[PDB]
Amino acid sequence: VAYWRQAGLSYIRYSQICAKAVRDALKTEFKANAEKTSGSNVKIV
Amino acid sequence: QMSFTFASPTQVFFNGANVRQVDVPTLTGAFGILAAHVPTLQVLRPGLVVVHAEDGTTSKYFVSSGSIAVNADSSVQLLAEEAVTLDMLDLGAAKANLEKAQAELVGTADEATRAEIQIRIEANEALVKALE
Amino acid sequence: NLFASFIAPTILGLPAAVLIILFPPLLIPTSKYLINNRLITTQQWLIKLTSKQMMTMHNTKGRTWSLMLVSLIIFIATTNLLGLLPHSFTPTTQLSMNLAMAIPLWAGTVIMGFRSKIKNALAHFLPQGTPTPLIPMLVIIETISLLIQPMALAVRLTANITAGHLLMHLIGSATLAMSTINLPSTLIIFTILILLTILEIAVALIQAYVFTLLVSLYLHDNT
Amino acid sequence: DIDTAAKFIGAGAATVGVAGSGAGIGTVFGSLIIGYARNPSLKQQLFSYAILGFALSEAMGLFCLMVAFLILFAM
Amino acid sequence: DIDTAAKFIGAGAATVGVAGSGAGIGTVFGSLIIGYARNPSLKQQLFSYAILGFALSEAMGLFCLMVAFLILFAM
Amino acid sequence: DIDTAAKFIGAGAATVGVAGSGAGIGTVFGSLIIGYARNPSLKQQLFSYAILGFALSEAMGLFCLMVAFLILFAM
Amino acid sequence: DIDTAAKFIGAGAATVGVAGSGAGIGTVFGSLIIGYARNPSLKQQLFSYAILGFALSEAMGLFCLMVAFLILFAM
Amino acid sequence: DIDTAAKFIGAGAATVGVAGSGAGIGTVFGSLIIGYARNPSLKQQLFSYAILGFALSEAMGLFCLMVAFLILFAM
Amino acid sequence: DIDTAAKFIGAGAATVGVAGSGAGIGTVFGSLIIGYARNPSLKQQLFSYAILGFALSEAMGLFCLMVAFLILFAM
Amino acid sequence: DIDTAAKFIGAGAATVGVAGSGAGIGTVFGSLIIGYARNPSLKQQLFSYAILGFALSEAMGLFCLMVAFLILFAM
Amino acid sequence: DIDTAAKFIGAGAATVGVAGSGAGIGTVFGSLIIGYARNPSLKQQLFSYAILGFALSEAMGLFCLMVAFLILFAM
Amino acid sequence: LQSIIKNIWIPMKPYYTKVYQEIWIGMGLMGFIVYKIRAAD
Amino acid sequence: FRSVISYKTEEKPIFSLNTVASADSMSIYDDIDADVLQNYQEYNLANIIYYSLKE
């Protein structure tokens, strides 16, 4: 039981933050195309 | 004997390939997988992933999160959410963002938000450590 | 007879031990220069490495001792290492000296933990989740443990460096008595002596890092 | 004298009881390495448990050095 | 006397039985570190099991200090 | 007497066999902590196995206190 | 007599060999708890292995109580 | 006689070396339980390793019962 | 003679040092079972490490049987 | 003399207490291997814990060599 | 002579301290098997830790063979 | 009294007056311990 | 999606934690507790939603 689980997170969230920070550390040659292919546009109703 | 499968939401690095060994950064500590390995299933944390082809050559990637599943028929399925080769990353942005998150951690006060800071902290620390 | 290498050496009636203890510092030259020779280059690097490995865990109050601890590990490691030289007198094999290194530093630490911190200091005498029926027995435990910390410090150094030197000396004597007998066995015992010397080199450095790390951990416990 | 002689064997034997703490302390600081490698975020809470285990372990070890010196000198 | 002398060896020997609790206590508070690193939410229930194990372990250890003092003084 | 004297050393030595149960009991209630941290839903079935192991372990420990008292008093 | 006296020390010493089974039995029924917490569906097959280990362990323990009584009475 | 007497202490002491196999056998058949609970499909290959470990362990245990009887009877 | 008698106790005592290899060998071939159940494809490389551990362990065990026979016959 | 003789047995017995550190040190540097194989990124922090455990373990081991030499020479 | 006789028992007893390294070495090269089965890519770094543990373990073992020969010949 | 308290007392005064205060208190506790040791000897 | 002309309405299951944990055939899996099955189930809830969205 990791710490963020005690905090109340979920592996969907842990994975978003992690996949995000790995996208920022990308060099700018790849940072744009990799933020496009992995962005979110859905909206809850 | 091992049929590997390393993929990402948009890229298939391997598919049924016959490799000899695979190193993965599981949330319960790393471990390397060979043929006939005991069946297991785990979820990953930020870290390297090294693949040893039968010819003794080693490919290195970097996965951010995902899931691993070694199976009874020696078939591995490694599905990473964001898989990048090592050379697509830079050390400066890694160290820079590590400081900003460390700065926000000492500044934060709420439990949940602090965990998200820490999650991004360990995200970067594994970045700088894996890079160089 | 056997413990001749541990008797306080005297030259021409003068206490030559005062020279041997003053010597190890003579192997650490210093320079106002910004880029300097190979010896001070590596040494300046190690002292940085050690200080980073020891002082990192400390708060702002603890890191004030960073001169003493790095100077303590550099002196013990150099004395132990020099001691492995033939016919040398290793002043860390002496219980006197090692007591005079462990008694002050352990005492200096617990005192600064008792001047301030006195309510946390007395509270460290009881772990947090300790149950009620087990409270009274667990306080007489630690006060005896705390009292043998300096004794453990000096003895762990003198008894480990003495036993190491005596052992090398015994096996060495065996090779001598074996010189006039079967030659391959002499080679085997000599090979044992070689591997033992390597262990004594690893123990010399570890015992220095151990003595210092334990003084450090005492310091962190009271800062 | 047979009493002064037996005090050496009795004090020597009771010291063997320290071998129990030499092994018990190795297990505590061995499990701290394993336990910390799995959940390194609990480092401060794990170490708190190691010292408690180290103290209680060495406690039984000094009870032997107690009798070892209770026989050698106090008798 | 041969009786006063043998009491020192007998009381010294029975103290070696404390070495069993020095090792048994190290295993309990070693497994508590490992067991708590895996499921830290059970901290209060795990510790309850450590004290029970610590008590039962040291119980066999004091039975030796029992005989060690039953021979040295009570005989 | 040499017999009354040797009874103290013999009863003292046989008590060292209790050190085996001091360590064996620590392993049982150490593995119960590890085993329960994994599958806490089996708490009642695991504990059932600990008591069985605790009993069988201490059984060998009391066989030593048996001989320790069989020599000291029954002979 | 020096023979009747030495029989007490010799039979007392050989009993310390039971301490090995006190610890070996604790490991078996300790690993049964850990092994059963992981795969509780093998409960019947695991227990079969515990008894085999318990028997073979205590076997070496009774070989000591063998000599302990072979010396005390059969000689 | 001092020789017939010392043979009892010497044969009694060498039997304590069996305590090493009482513990070593418990570890083998303890790790077999853990190792089989993880990969029960290797049951036949694991057991093959347990017997090899059991034999080599008890081998050192009988070398002690060797000397224990080499002293008691063969001398 | 007191020398011929003490040689039996001294050779008997030094044999207890074999108990260390009885336990050390059980751990090696116990960890081989656990280590092979996890990565059975390394069977040949693991076994290579077991024999190395078995040899180095039993090495310390025969150093005791060395002294046990160095005292019993060579002196 | 019976005193000069008993000093050899007493100093010899107290040395057996070093066997506890031979085993405790093996557990520390054994758990360092296991703990480092799981989280190799903590190598520097794990090793820091091994040395602390190695020192505290061998500490109890030298307390025995203390008494072993306190009896052999200082008395 | 009582001195030449006691030297055999004292040197025989101090050899039992080697049993600690027989067990400590088995744990190191046992954990190397387990630790290498989990992360075989660290084989060279793990083995580096095994030799360090093997050396430090056997170090305490030779300190006993030190006293064993310090008493038998050097005294 | 020149270049001595200039090279020895100035650089260590930050240490000999506030850092090592508890060390000297311990060093006396040591001298008292070795004195009581060499007295009963 | 089967071809430019042919598609078929398929359907895939979604298992809760208690289904995967209490399965008899999940005993052969290793280092599994009710925490690694929670993270794995959650990530396979986003893996089957994404797979659907691409089909």
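Bear in mind these aren't lab numbers, they're just calculated from the coordinates by the rules spelled out. Note: ideal-geometry Cβ built from the backbone for every residue, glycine included; neighbour counts use all protein chains shown.
Please find, within region B:24-58, the residue that is farthest from J:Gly35 (Cα to Cα) out of those that are surrounded by fewer than 21 Cβ atoms within 10 Å (Cβ to Cβ) and of a type in the set (S, T, N, Q).
Going through the qualifying residues, I end up with B:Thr57.
Which residues, taken from region B:59-78, are touching a helix residue (DSSP H, G or I) at 6+ places or on another chain (Cβ under 6 Å) and surrounded by fewer than 20 Cβ atoms within 10 Å (Cβ to Cβ)?
The answer is B:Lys60, and nothing else.
Return the pairs, sorted by first residue and then second, in which the second residue is part of a helix (DSSP H, G or I) and of a type in the set (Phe, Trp, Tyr), the first residue lies in region L:24-37 and is at the interface with chain C (Cβ under 7 Å from one of its Cβ atoms), the beta carbons are less than 9 Å apart, and the residues are 6+ apart or on different chains.
As it stands, the answer is L:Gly26/C:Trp106, since those pairs meet every condition given.
Which ones in region K:1-35 are over 30 Å from K:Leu70 (Cβ atoms), within 7 Å of chain I (Cβ to nearest Cβ) and over 18 Å from the mean Cα position of the chain (by Cα)?
Those that are over 30 Å from K:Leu70 (Cβ atoms), within 7 Å of chain I (Cβ to nearest Cβ) and over 18 Å from the mean Cα position of the chain (by Cα): K:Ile33, K:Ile34.
Within region C:65-80, can one find any residue that is exposed (fewer than 12 other Cβ atoms within 10 Å of the Cβ) and of a type in the set (A, V, I, L, M)?
There is no residue in region C:65-80 that is exposed (fewer than 12 other Cβ atoms within 10 Å of the Cβ) and of a type in the set (A, V, I, L, M).
Could you check how many residues of region D:60-75 are small (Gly, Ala, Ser) and either touching a residue at least 24 places away in the same chain (Cβ under 8 Å) or surrounded by 23 or more Cβ atoms within 10 Å (Cβ to Cβ) (or both)?
Within region D:60-75, residues that are small (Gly, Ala, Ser) and either touching a residue at least 24 places away in the same chain (Cβ under 8 Å) or surrounded by 23 or more Cβ atoms within 10 Å (Cβ to Cβ) (or both) number 2.
Among the residues of region B:18-41, are any assigned to a helix (DSSP H, G or I), hydrophobic (A, V, I, L, M, F, W, C) and in contact (Cβ under 8 Å) with a residue 40 or more places away in the chain?
There is no residue in region B:18-41 that is assigned to a helix (DSSP H, G or I), hydrophobic (A, V, I, L, M, F, W, C) and in contact (Cβ under 8 Å) with a residue 40 or more places away in the chain.
Table: residues versus (1) within 11 Å of chain J (Cβ to nearest Cβ); (2) of a type outside the set (S, T, N, Q); (3) farther than 20 Å from J:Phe69 by Cβ.
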residue	(1), (2), (3)
C:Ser145	yes, no, yes
C:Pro150	no, yes, no
C:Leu153	yes, yes, no
C:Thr175	no, no, yes
C:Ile189	no, yes, yes
C:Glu200	no, yes, no
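Between I:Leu46, I:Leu52, which is crowded, with 23+ Cβ neighbours inside 10 Å and at negative phi?
I:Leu46
What are the residues in region G:16-40 that are closer than 11 Å to F:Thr27 by Cα and in contact with an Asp or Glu (Cβ under 7 Å, 6 or more places away or on another chain), if any?
Across region G:16-40, the qualifying residue is only G:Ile25.
Output the residues belonging to region B:82-121 that are acidic (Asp, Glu) and surrounded by fewer than 20 Cβ atoms within 10 Å (Cβ to Cβ).
B:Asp87, B:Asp90, B:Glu99, B:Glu104, B:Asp110, B:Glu111, listed by residue number.
Just one of the numbered conditions (1) part of a loop (DSSP other than H, G, I, E, B); (2) within 20 Å of C:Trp65 (Cα to Cα) is not true of L:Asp41; which one?
Among (1) part of a loop (DSSP other than H, G, I, E, B); (2) within 20 Å of C:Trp65 (Cα to Cα), the lone unmet condition for L:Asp41 is (2).
Pairs needed: first member in region A:32-45, β-branched (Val, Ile, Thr); second member anywhere, surrounded by 10 or more Cβ atoms within 10 Å (Cβ to Cβ); C-beta distance under 6 Å; at least 6 residues apart or different chains.
The qualifying pairs are A:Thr37/B:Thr10.
Looking at region D:59-66, can you tell me whether even one residue there is in a helix (DSSP H, G or I) and over 11 Å from the mean Cα position of the chain (by Cα)?
yes
Quick one: in region J:1-39, which of the residues that are in contact (Cβ under 8 Å) with a residue 40 or more places away in the chain and among the hydroxyl-bearing types (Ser, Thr, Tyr) is nearest to E:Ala13 (Cα to Cα)?
Per the stated criteria, the residue is J:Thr15.
Are any residues in region C:86-113 out of contact with any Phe, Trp or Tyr (no Cβ under 7 Å at 6 or more places or on another chain), touching a residue at least 40 places away in the same chain (Cβ under 8 Å) and not in a loop (DSSP other than H, G, I, E, B), and if so, which ones?
Selection gives C:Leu95, C:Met97, C:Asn98, C:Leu99, C:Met101, C:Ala102, C:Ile103, C:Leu105, C:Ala107, C:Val110, C:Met112, C:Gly113.
Go through F:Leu42, F:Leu56 for me and flag whichever is free of Cβ contacts under 8 Å to residues at least 12 places away in the same chain, within 27 Å of G:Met66 (Cβ to Cβ) and either facing another protein chain (nearest Cβ under 7 Å) or part of a helix (DSSP H, G or I) (or both).
F:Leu56
Is one or more of the residues making up region M:34-52 in a loop (DSSP other than H, G, I, E, B), surrounded by 11 or more Cβ atoms within 10 Å (Cβ to Cβ) and within 14 Å of chain A (Cβ to nearest Cβ)?
Looking through region M:34-52, at least one residue is in a loop (DSSP other than H, G, I, E, B), surrounded by 11 or more Cβ atoms within 10 Å (Cβ to Cβ) and within 14 Å of chain A (Cβ to nearest Cβ).
Would you be able to say whether some residue in region B:73-81 is at negative phi, facing another protein chain (nearest Cβ under 7 Å) and in contact with an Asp or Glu (Cβ under 7 Å, 6 or more places away or on another chain)?
No, region B:73-81 contains no residue that is at negative phi, facing another protein chain (nearest Cβ under 7 Å) and in contact with an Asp or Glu (Cβ under 7 Å, 6 or more places away or on another chain).
Does region C:20-42 contain any residue that is within 23 Å of the chain's Cα centre (by Cα) and either touching a residue at least 60 places away in the same chain (Cβ under 8 Å) or over 19 Å from C:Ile74 (Cα atoms) (or both)?
yes
So in region C:122-140, with the set limited to residues that are facing chain D (nearest Cβ under 10 Å) and touching a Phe, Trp or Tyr at 6+ places or on another chain (Cβ under 9 Å), which one is nearest to E:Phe54 (Cα to Cα)?
Out of the qualifying residues, it is C:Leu134.
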